[PDB]
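Peer 1: One structure, pasted below without further comment.
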Amino acid sequence: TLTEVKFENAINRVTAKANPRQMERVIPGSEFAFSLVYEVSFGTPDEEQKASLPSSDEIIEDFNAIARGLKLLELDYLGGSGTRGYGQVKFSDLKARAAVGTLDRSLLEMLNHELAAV
RNA sequence: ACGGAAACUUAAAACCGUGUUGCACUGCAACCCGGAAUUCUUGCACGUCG
């Protein structure tokens, strides 16, 4: 059926009366693909620092921000019905890939080193 | 029988022919459909044997 009807209940301690609730979730094995693109991020600045191209050292900071972005996200939620247990996810098979660009060989394999640190 | 009396300033001819209101321009940048609710409280596998 691809989507459960997971129930719930309310109990008010004035009278212990039952009030139901239904929280339809995803199936807990539903795997999704997951893509995102980074870039060499060449600045279009309002600020006076005109044509400030990020080099690899500014790039390699961001993969830790990719790491600690999703490392806590695996630990934390995604969805609603907050703080009752829904949405423990596990990001798997993370890989960066120079789709288009002139990235050097040494860099990209070290950019995946942050991706396994989660 | 007045230097008198008669007479068109008249006939035709195109202000026409060549010519783009055209070329450069992201309806774009930022935001979680997110927060708090017990599937619960009453309930014995048993009456029945000349």
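Labels for the structure tokens follow display order: chains A, B, ..., residues from 1 in each chain, ligands from 1.
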Determine which residues of chain A sit within 6 Å of chain B, taking into account only C-alpha atoms (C1' of nucleotides), and present them as a ChimeraX atom specification.
Peer 2: /A:9-10,18
Peer 1: Atoms to include: N, CA and C atoms. Write the selected residues as a compact mmCIF listing (two decimals), in the first residue's frame.
Peer 2:
```txt
# COMPACT_ATOMS: atom_id res chain seq x y z
N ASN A 9 -3.36 8.15 19.79
CA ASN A 9 -4.49 8.39 20.67
C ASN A 9 -4.19 9.59 21.55
N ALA A 10 -5.25 10.28 21.97
CA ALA A 10 -5.15 11.31 22.99
C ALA A 10 -5.87 10.82 24.24
N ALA A 18 -10.53 8.71 25.27
CA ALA A 18 -9.72 8.37 24.11
C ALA A 18 -10.12 9.22 22.91
```
Peer 1: With DSSP run on the backbone, what are the helix (DSSP H, G or I) residues within chain A? I'd like them as number ranges by chain.
Peer 2: A: 56-75, 105-115
Peer 1: Taking 4 positions as the minimum chain separation for residues in the same chain, which residues sit within 12 Å of residue 59 of chain A when counting only C-alpha atoms (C1' of nucleotides)? Answer as a list in words.
Peer 2: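 My list of contacting residues is residues 38, 39, 40, 41, 42, 53, 54, 55, 63, 64, 65, 66, 103, 107, 108, 110, 111 and 114 of chain A.
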Peer 1: Write out as a PyMOL selection string the set of residues from chain A that DSSP, computed on the backbone, places in strand (DSSP E or B).
Peer 2: chain A and resi 3+6-12+17-23+26
Peer 1: Please produce an output containing N, CA, C and O atoms for each residue in the selection, written as a tab-separated table (two decimals), in the first residue's frame.
Peer 2:
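Saved file out-v3.tsv follows:
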```
chain	number	residue	atom	x	y	z
A	3	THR	N	2.11	3.36	1.84
A	3	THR	CA	1.92	4.42	2.83
A	3	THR	C	1.01	3.86	3.91
A	3	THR	O	-0.12	3.47	3.63
A	6	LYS	N	-0.62	4.93	10.35
A	6	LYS	CA	-0.18	4.68	11.71
A	6	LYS	C	-1.04	5.49	12.65
A	6	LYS	O	-1.16	6.71	12.50
A	7	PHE	N	-1.67	4.82	13.60
A	7	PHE	CA	-2.60	5.50	14.50
A	7	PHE	C	-1.88	6.15	15.67
A	7	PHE	O	-0.66	6.04	15.85
A	8	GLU	N	-2.67	6.85	16.48
A	8	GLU	CA	-2.27	7.45	17.74
A	8	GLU	C	-3.52	7.60	18.59
A	8	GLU	O	-4.62	7.24	18.17
A	9	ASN	N	-3.36	8.15	19.79
A	9	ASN	CA	-4.49	8.39	20.67
A	9	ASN	C	-4.19	9.59	21.55
A	9	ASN	O	-3.03	9.90	21.84
A	10	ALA	N	-5.25	10.28	21.97
A	10	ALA	CA	-5.15	11.31	22.99
A	10	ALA	C	-5.87	10.82	24.24
A	10	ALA	O	-6.91	10.16	24.15
A	11	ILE	N	-5.30	11.14	25.39
A	11	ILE	CA	-5.91	10.83	26.68
A	11	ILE	C	-5.79	12.08	27.53
A	11	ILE	O	-4.68	12.54	27.82
A	12	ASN	N	-6.93	12.65	27.90
A	12	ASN	CA	-6.98	13.82	28.76
A	12	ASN	C	-7.26	13.37	30.19
A	12	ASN	O	-8.27	12.71	30.44
A	17	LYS	N	-10.22	10.09	28.55
A	17	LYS	CA	-11.04	9.79	27.38
A	17	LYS	C	-10.17	9.66	26.14
A	17	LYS	O	-9.20	10.40	25.97
A	18	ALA	N	-10.53	8.71	25.27
A	18	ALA	CA	-9.72	8.37	24.11
A	18	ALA	C	-10.12	9.22	22.91
A	18	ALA	O	-11.28	9.20	22.48
A	19	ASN	N	-9.16	9.95	22.36
A	19	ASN	CA	-9.34	10.70	21.12
A	19	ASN	C	-8.28	10.26	20.12
A	19	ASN	O	-7.08	10.49	20.35
A	20	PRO	N	-8.65	9.65	19.00
A	20	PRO	CA	-7.66	9.06	18.10
A	20	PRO	C	-6.95	10.12	17.26
A	20	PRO	O	-7.25	11.31	17.31
A	21	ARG	N	-5.99	9.64	16.47
A	21	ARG	CA	-5.16	10.43	15.58
A	21	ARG	C	-4.46	9.46	14.64
A	21	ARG	O	-4.10	8.36	15.06
A	22	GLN	N	-4.27	9.86	13.38
A	22	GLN	CA	-3.65	9.01	12.38
A	22	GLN	C	-2.54	9.77	11.66
A	22	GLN	O	-2.77	10.83	11.09
A	23	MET	N	-1.32	9.24	11.73
A	23	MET	CA	-0.15	9.87	11.12
A	23	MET	C	0.39	8.93	10.06
A	23	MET	O	1.15	8.00	10.37
A	26	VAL	N	5.92	7.27	5.63
A	26	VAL	CA	6.48	6.54	4.51
A	26	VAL	C	6.76	5.12	5.01
A	26	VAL	O	6.78	4.86	6.21
```
Peer 1: Can you pull out the residues contacting residue 67 of chain A? Cut-off 8 Å, using only C-alpha atoms (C1' of nucleotides), and skip same-chain residues under 6 positions away; I want them as a compact mmCIF listing (two decimals) with N, CA and C atoms, in the first residue's frame.
Peer 2:
```txt
# COMPACT_ATOMS: atom_id res chain seq x y z
N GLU A 114 35.38 13.93 3.66
CA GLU A 114 34.40 14.51 4.57
C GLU A 114 33.07 13.78 4.50
N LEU A 115 32.73 13.23 3.33
CA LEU A 115 31.44 12.60 3.13
C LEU A 115 31.30 11.29 3.90
N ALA A 116 32.41 10.62 4.19
CA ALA A 116 32.39 9.41 4.98
C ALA A 116 32.49 9.67 6.47
N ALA A 117 32.76 10.92 6.87
CA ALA A 117 32.97 11.24 8.28
C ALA A 117 31.67 11.34 9.06
N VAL A 118 30.52 11.27 8.40
CA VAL A 118 29.24 11.37 9.07
C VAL A 118 28.90 10.05 9.75
```
Peer 1: Mind giving me the straight-line distance from atom CA of residue 112 of chain A to atom CA of residue 95 of chain A in Å, one decimal?
Peer 2: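 One can read the atom CA of residue 112 of chain A to atom CA of residue 95 of chain A distance as 6.1 Å.
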